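Visitor: Here's a structure for you.
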Amino acid sequence: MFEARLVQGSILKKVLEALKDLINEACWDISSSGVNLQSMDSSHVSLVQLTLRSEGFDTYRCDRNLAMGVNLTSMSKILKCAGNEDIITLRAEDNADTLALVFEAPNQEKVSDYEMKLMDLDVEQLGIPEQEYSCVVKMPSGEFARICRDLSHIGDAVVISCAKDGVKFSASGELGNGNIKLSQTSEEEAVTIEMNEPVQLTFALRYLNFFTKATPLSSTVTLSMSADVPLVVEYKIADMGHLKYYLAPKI
Amino acid sequence: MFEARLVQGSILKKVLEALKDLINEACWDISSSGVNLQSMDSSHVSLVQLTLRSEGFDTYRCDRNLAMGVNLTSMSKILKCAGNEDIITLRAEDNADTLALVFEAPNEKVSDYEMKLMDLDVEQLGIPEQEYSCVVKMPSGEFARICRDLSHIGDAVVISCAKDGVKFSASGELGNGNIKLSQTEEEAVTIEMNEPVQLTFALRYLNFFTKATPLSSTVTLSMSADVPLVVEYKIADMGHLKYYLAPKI
Amino acid sequence: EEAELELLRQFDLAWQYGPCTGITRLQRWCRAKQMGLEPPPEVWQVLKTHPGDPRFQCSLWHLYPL
Amino acid sequence: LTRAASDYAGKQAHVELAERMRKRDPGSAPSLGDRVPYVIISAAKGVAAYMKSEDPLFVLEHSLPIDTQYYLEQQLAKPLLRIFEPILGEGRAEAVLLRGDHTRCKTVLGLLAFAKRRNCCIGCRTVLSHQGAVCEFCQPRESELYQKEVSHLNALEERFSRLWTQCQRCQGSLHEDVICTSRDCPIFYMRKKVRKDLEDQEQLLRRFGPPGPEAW
Amino acid sequence: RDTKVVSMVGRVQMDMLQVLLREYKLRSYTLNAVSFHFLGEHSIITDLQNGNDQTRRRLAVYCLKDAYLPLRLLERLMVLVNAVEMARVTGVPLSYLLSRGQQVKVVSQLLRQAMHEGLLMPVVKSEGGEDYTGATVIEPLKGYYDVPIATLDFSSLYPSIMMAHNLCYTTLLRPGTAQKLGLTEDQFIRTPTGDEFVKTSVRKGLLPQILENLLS
DNA sequence: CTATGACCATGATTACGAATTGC
DNA sequence: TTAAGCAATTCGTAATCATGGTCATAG
Ligand SMILES: Cc1cn([C@H]2C[C@H](O)[C@@H](COP(=O)(O)OP(=O)(O)OP(=O)(O)O)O2)c(=O)[nH]c1=O
Ligand code: SF4
Ligand SMILES: [Zn+2]
């Protein structure tokens, strides 16, 4: 019998708002470690790993290793019917293939109790490698979204150069060439480019716009890259766990 | 000759944006008791009833009972050429089919428009007064969000008035949900009940009815057995505005 | 009943009481009695042991847009 | 109603009326090769003129309204613009669309059952409490407003009598009832509406009092 | 059209509905509508029959008037006299003019003209050739005219083309059989599509003679 | 709270397929 | 086994494009 609570519950609205434009479905793996989601993209370029530990929740009862599937955009349309101060509660029976959502109010006067049906899933599942990421950058999320959207009006795909002094976000386009340079700044607005060996890579800027949909989702964004590997953007879901978006690189 | 003058033109603009989507043509029954109107919608489903009493107009003058025929789209386009602080006067002859509107800014700028009326052959209907047995007084913002939020799921809604509170339920292909409300100044939800009610109404009409939300803070919903649900608003020392909608069988 | 509904249907088509498809049944019964043609005292005695039912107190074709 | 597959290929109005049976009779319906008659009623489904078609006898017995704008802009208007243009210019299109415009401004027409029978002034159309016909501002001109409309009752009375005695001569007999619901006769259903016109126009003049006593 | 038939040997059937539906193009094909167009005019019946005997007498007079109207239409419209003259001019029986089309009659007349010179007909069947080019229309000078225009036309155009240039099956010249004879002048002619056809000083066709009989 | 951008629909116009009539 | 032909005007119906209006998000 799964029954879980979340008081600062705006984060679920915030993650599924940054989930539904990417992918149409999700493989929700409920374990005693909490709520998890590994899922590929639809274009066979990217992946989402959501991890929600139990210690980031309030009140918890998990009796089953549930492995269910959610059609995301209808669930997001249901999640659009509750405010952000409102408490989010989930209830689930291991025989009744439905989700019972309970939206409590902070003043407790408006009660919501919605139900979404289940559909079967046989989703593919691959494991991420663990390795050394030659460049890990801590950045403000709003500035990062601002920069990549400022590059979106030049061209389509981005080339990155990650080195010691500055980092080089370059692009071409139908109006010519452009590039912006960044450096370390000597807690949320601090940046850090931790680097061992400088690299150059190609990535898709449109998938950076897709990844910056989680701009309000953390204190800071982390950008982890190495040679010829999936970029992992990290949004540390505060006190809860973390969301990591993998992007397999380009050739 | 008719001539009225009112200091708060904002009330006039809110009432004219209540109705420009549901109605295309109307007839104003100008009398020596005020400005009163009844109309049916274009779909022949719902009733509107609007009363602006004679006192609240701060300079009134009406010689003879008139009847003006107004295309509400052109009038709604004219009343958005007037800012939210102006003072509005209406000028009409008793021999003419053309109305004059003069907007007076509270500072050097005055504006005056003339609009051609039309003759129409409509029939005027009304309502009889009976005691609806479920009486709800609730905040208007919550009602707007409740209707708009249930709207994405399906198109009907069932209203379920019980003792401590009321409960709205709605279904659809992506599931179902209800919202409760309980007895506990204007953010309260006062609930008077003699007999419990459960009824079904379609959502497009309710999302039309919640277009006039800036007119007041609270909204009054009245229900009874098998009668058209009444949605009622009050305008401060001016009058009221009522919509009427019949239940499904 | 089901025998009283054929007596009235027989009173309604006898030509010696009048050409009656515009009026009620008891009005035609009293019209013939005034002129005293020969109304029978049984088509009266079923129009008294009933209330205002539209399948006793109405002509055969009181539908029918003629 | 021709061969059924060409009318399967694309949705028409008469095919939709024919294939929709009635509740009264699933044994008399149009077959292949005959002609289906219909009229177009008013509704709010503007994408489809095949959703507004009805049998003439069904709209007779069930009294559905008529789409006067459909008949105005789709049946009438374009043949007239074929004929009337070549004698003049394009000010002739504006002349007939302006002769419409002086004449388009005169129209006549669940919750619909709960009518309060709101009475109205005969002079200036102002709804008001009480049953008297005239308005308090338009009371002096009442002899002229009675004069007006009794010449309308007089012309409805003259039309009732010319029609309901024509059926007696087309039937043969003067002493027995008329039974002829012939759908191809203009006589039928033109004899039905004058009863209601007279029913309505007789009751509008009882707003005025009686012209004398009757129990003397 | 899809009809049932019932077998009667010796006797002949003439439903007047099928004769109207084949010859005439009208708006409604009801007995009332064609009786007005040419002359000038179920649940009630079940209680006119369960009643008295003067009601049944009224029902019988109605039925006899119904059974009398098609006789009047048959003798007034000159149906049967024209059917007898059609069967005498074409040579087909009297039951074929209610069941068949216009092929059996031209087959019949061509066979009756073919026994007099000793020819046999072949069987060619093909599915299927292409279309050819039909008739010309001249481009108008559109408008309104108020000065008189006079109309001149040709009478019996295509049968007289087929008559006066000696065109037939039995005189169509194949492209090779003119060669290697070289006599072009007054032995054959040439058409705008391109064929060659023999002059009348060698052969007479069969379709000129059938057409000449029909024209007289 | 206001302004700008995006989406969504709705309406109008143009192009094609089909009952009837002219030949 | 059984069946004249073709040219169309013309209007209706369907699809596509354009234009604005409304709602939501960001500053
Ligand atoms: C009406 C008709 C005409 N046509 C062709 C043949 C005709 O020679 C040509 C002229 O049409 P018509 O003028 O209609 O007929 P017609 O000229 O042969 O006889 P008349 O002048 O006495 O009325 O059109 C047909 O092929 N089939 C038809 O049904
Ligand atoms: S309705 Fe027409 S057809 Fe019928 S009896 Fe009267 S006049 Fe004759
Ligand atoms: Zn008046």
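None of the figures in this text is laboratory data; all of them are computed from the coordinates on show. Neighbour counts run over all protein chains shown; Cβ positions are idealised from the backbone, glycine included.
Visitor: Return the FRET efficiency for the residue pair A:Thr202, B:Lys211: r is the Cβ-Cβ distance, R0 is 45 Å, and the value is rounded to the nearest 0.05.
Guide: Computed FRET efficiency for A:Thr202 and B:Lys211 comes out at 0.30.
Visitor: Quick check for you: which residues of the range B:62-79 have the amide N under 18 Å from the point 7 Å beyond the Cα of B:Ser32 toward its beta carbon?
Guide: Within reach of a label on B:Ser32, which here means backbone N under 18 Å from a point 7 Å along Cα→Cβ, the range B:62-79 contributes B:62-67.
Visitor: Taking the Cα-to-Cβ direction at C:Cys30 and at E:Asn213 and moving 7 Å from each Cα, how far apart do the two end points lie in nm?
Guide: About 8.3 nm separates the two model spin labels.
Visitor: Would you work out the charge dipole size for chain A about its Cα centre, treating the Cβ of every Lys and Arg as +1 and the Cβ of every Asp and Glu as -1, and quote it to the nearest 20 debye?
Guide: Computed charge dipole of chain A: roughly 620 debye.
Visitor: A follow-up question, please. Between E:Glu75 and A:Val111, what is the label-to-label distance in nm when each label sits 7 Å out along the Cα-to-Cβ direction?
Guide: Modelled inter-label distance: 9.2 nm.
Visitor: Hey, could you get me the Stokes-Einstein D for chain E, Kirkwood radius over alpha-carbon pairs, 37 °C and 0.692 mPa s, rounded to whole µm² s⁻¹?
Guide: Taking Rh from Cα pairs, D becomes 137 µm²/s.
Visitor: Now for a separate question. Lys/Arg Cβ at +1, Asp/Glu Cβ at -1, dipole of the protein assembly as shown taken about the Cα centre: which of A:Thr192, E:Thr90, A:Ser226 is farthest positive-ward?
Guide: The residue sitting farthest along the positive end of the dipole is E:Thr90.
Visitor: While we're looking at this one, here's another question. Just to confirm my understanding: which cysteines in chain B have no other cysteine beta carbon less than 4.7 Å from their beta carbon?
Guide: B:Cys27, B:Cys62, B:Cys81, B:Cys147
Visitor: Could you tell me the convex hull volume per residue, in Å³, taken over the Cα atoms of the range A:154-194?
Guide: Per-residue hull volume (Cα only) is 90 Å³.
Visitor: Note down the net charge around E:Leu31, summing +1 for each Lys or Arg and -1 for each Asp or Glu among other residues with Cβ under 15 Å from its Cβ.
Guide: Spelling it out: positives minus negatives among the neighbours equals +1.
Visitor: Which log10 I(q)/I(0) values, to two decimals, does the range B:1-141 give at q = 0.12, 0.17, 0.18, 0.19 Å⁻¹ under the Debye formula with one point per Cα?
Guide: Debye intensities relative to I(0), on a log10 scale: -0.55, -1.06, -1.18, -1.30.
Visitor: Peptide D:78-89: average number of partner chain Cβ atoms within 10 Å per residue?
Guide: Averaged over the peptide's residues, the number is 1.
Visitor: Name the residues whose placed amide hydrogens come within less than 5 Å of the amide hydrogen of A:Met116, ignoring near sequence neighbours (fewer than 5 apart) on the same chain.
Guide: Those lying under 5 Å, H to H, from A:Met116 are A:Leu99, A:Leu101.
Visitor: Right, something else. Principal axis lengths of the range E:68-109 from Cα atoms, whole Å, largest first?
Guide: That gives 38, 17, 12 Å along the principal axes, largest extent first.
Visitor: First check a/c for the range A:70-146, with a ≥ b ≥ c the square roots of the eigenvalues of its C-alpha gyration tensor; if it is under 1.5, answer rounded, and if not, answer prolate when a/b is larger than b/c or oblate otherwise.
Guide: Oblate.
Visitor: Give A:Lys244/B:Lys180; B:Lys77/B:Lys234; B:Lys13/B:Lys116 a once-over and call out the pairs whose C-alpha atoms are over 31 Å from each other.
Guide: With Cα atoms farther than 31 Å apart: A:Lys244/B:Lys180.
Visitor: Right, here's the next one. What are the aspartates and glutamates whose alpha-carbon lies under 16 Å from the alpha-carbon of A:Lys117, with same-chain residues fewer than 8 places away excluded?
Guide: A:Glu25, A:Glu93, A:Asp94, A:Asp97, B:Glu173
Visitor: Which trypsin sites (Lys or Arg not before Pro) does the range E:108-191 hold that lie in a coil by DSSP with at most 13 other beta carbons within 10 Å?
Guide: E:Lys125, E:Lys142, E:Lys180
Visitor: Could I ask something else about it? Separation of the range C:40-58 and the range E:137-157 by C-alpha centroid, Å?
Guide: If we compute the Cα centre of each part, the gap is 77 Å.
Visitor: A further question follows. Could you list, in their original order, any pairs among C:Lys33/D:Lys192; D:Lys193/E:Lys65; A:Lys80/A:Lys110 whose Cα atoms are separated by more than 21 Å?
Guide: C:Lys33/D:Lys192; D:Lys193/E:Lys65
Visitor: Return the calculated 222 nm mean residue ellipticity for the protein assembly as shown, to the nearest 500 deg cm²/dmol, obtained by summing -39500 (n - 2.57) across DSSP H runs with n ≥ 4 and dividing by the residue count.
Guide: That calculation yields -7500 deg cm²/dmol at 222 nm.
Visitor: What size of dipole, in debye to the nearest 20, comes out for the protein assembly as shown about its Cα centre when the only charges are +1 on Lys and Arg C-beta atoms and -1 on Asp and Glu C-beta atoms?
Guide: Dipole of the protein assembly as shown, to the nearest 20 debye: 4240 debye.
Visitor: In whole Hz, what ³J(HN,Hα) sequence does the range E:81-90 give by Karplus (6.51, -1.76, 1.60; θ = phi - 60°), x for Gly and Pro?
Guide: 5, 6, 5, 5, 5, 5, 5, 7, 7, 8
Visitor: Could you list log10 I(q)/I(0) for the protein assembly as shown at q = 0.06 Å⁻¹, which the Debye formula gives when each Cα is one point scatterer?
Guide: Each listed q corresponds, in turn, to -0.90.
Visitor: In addition: Can you tell me the FRET efficiency between A:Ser43 and A:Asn177 if r is taken as the Cβ-Cβ distance and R0 is 22 Å, rounded to the nearest 0.05?
Guide: 0.20
Visitor: Please turn the phi angles of the range A:120-136 into ³J(HN,Hα) values with the Karplus equation 6.51 cos²θ - 1.76 cosθ + 1.60 (θ = phi - 60°), one per residue in order, whole Hz, x for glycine and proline.
Guide: Couplings: 6, 9, 9, 6, 5, 8, 10, x, 6, x, 10, 7, 9, 9, 5, 9, 10 Hz.
Visitor: Rounded to the nearest 20 debye, what is the charge dipole size of chain C about its Cα centre when +1 sits on each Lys and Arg Cβ and -1 on each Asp and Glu Cβ?
Guide: 340 debye
Visitor: Looking only at Cα atoms, what is the convex hull volume of the range D:43-190 per residue, in Å³?
Guide: So the per-residue Cα hull volume is 262 Å³.
Visitor: Moving on to the next point. Restricted to Cα positions, what overall size does chain C have along the principal axes? Three whole-Å values, descending.
Guide: That gives 30, 27, 18 Å along the principal axes, largest extent first.
Visitor: Taking H placed 1.01 Å from N in the peptide plane, check which residues at least 5 places from A:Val167 or on another chain put their amide H under 5 Å from its amide H.
Guide: Excluding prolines and chain starts, which carry no amide H, the hits are A:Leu182, A:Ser183.
Visitor: Right, another one. Only residues of the range A:126-159 count here: report those whose backbone N is under 16 Å from the spot 7 Å along Cα→Cβ of A:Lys250, or say none.
Guide: Hits in the range A:126-159 for A:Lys250 at 16 Å: A:148-159.
Visitor: What whole number of Å gives the distance from the Cα centroid of the range A:181-221 to the Cα centroid of the range E:1-60?
Guide: Answer, in whole Å: 91.
Visitor: Now for a different question. Can you tell me the FRET efficiency between E:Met121 and E:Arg11 if r is taken as the Cβ-Cβ distance and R0 is 51 Å, rounded to the nearest 0.05?
Guide: For E:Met121 and E:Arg11, the calculated efficiency is 0.90.
Visitor: On average over all directions, what projected area in square nanometres does the range B:122-249 have, based on the convex hull of its Cα atoms?
Guide: Projected area, direction-averaged: 9.2 nm².
Visitor: Evaluate the distance, in nm, between pseudo-label points positioned 7 Å from the Cα of D:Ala5 and of E:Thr191 along their respective Cα→Cβ axes.
Guide: 3.4 nm
Visitor: Out of D:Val59, D:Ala29, D:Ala48, whose Cα points farthest toward the positive end of the dipole of the range D:1-134 (charges: +1 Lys, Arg; -1 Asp, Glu; placed on Cβ)?
Guide: Working it through, the farthest residue towards the positive pole turns out to be D:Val59.
Visitor: Next question, about the same structure. So which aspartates and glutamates pass the test for E:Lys180, namely a Cα distance under 17 Å, with those fewer than 8 places away in the same chain ruled out?
Guide: By straight Cα distance, E:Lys180 reaches E:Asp195, E:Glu196.
Visitor: What number do you get for chain B when its Cα radius of gyration is normalised by 2.2 N^0.38 Å, N = residues?
Guide: 1.11
Visitor: List A:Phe103, D:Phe160 from most exposed to least, where exposure is judged by having the fewest other Cβ atoms within 10 Å.
Guide: D:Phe160, A:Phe103
Visitor: For D:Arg92, E:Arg57, what ranking results if the residue with the fewest other Cβ atoms within 10 Å of its Cβ goes first?
Guide: Lowest count first: E:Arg57, D:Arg92.
Visitor: Using θ = phi - 60° and the Karplus relation 6.51 cos²θ - 1.76 cosθ + 1.60, list the HN-Hα couplings for the range C:30-43 in order, rounded to whole Hz, with x at every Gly or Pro.
Guide: Using θ = phi - 60°, the values come out as 6, 4, 5, 6, 4, 6, x, 4, 2, x, x, x, 10, 6 Hz.
Visitor: What Kirkwood Rh does the range D:1-61 have if only Cα atoms enter the pairwise 1/r average? Answer in Å.
Guide: 12.5 Å
Visitor: Residues of the range D:84-123 with backbone nitrogen within less than 14 Å of a virtual label 7 Å along the Cα-to-Cβ line of D:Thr68, please, listed as ranges.
Guide: It comes to D:100-109, nothing else.
Visitor: Taking Cα centroids, how far is the range D:160-203 from the range B:63-115 in Å?
Guide: Measuring centre to centre over Cα atoms gives 52 Å.
Visitor: Here's a follow-up. To make sure I understand the rule: partners must be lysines, Cα under 18 Å from the Cα of A:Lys250, and not fewer than 8 residues away in the same chain. Which ones qualify?
Guide: Of all the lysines, those that pass the test against A:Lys250 - Cα under 18 Å, at least 8 places apart if same chain - are A:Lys168.
Visitor: What list do you get for E:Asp131, B:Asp149 if you sort them by fewest beta carbons within 10 Å?
Guide: Going from least to most buried by this count: E:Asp131, B:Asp149.
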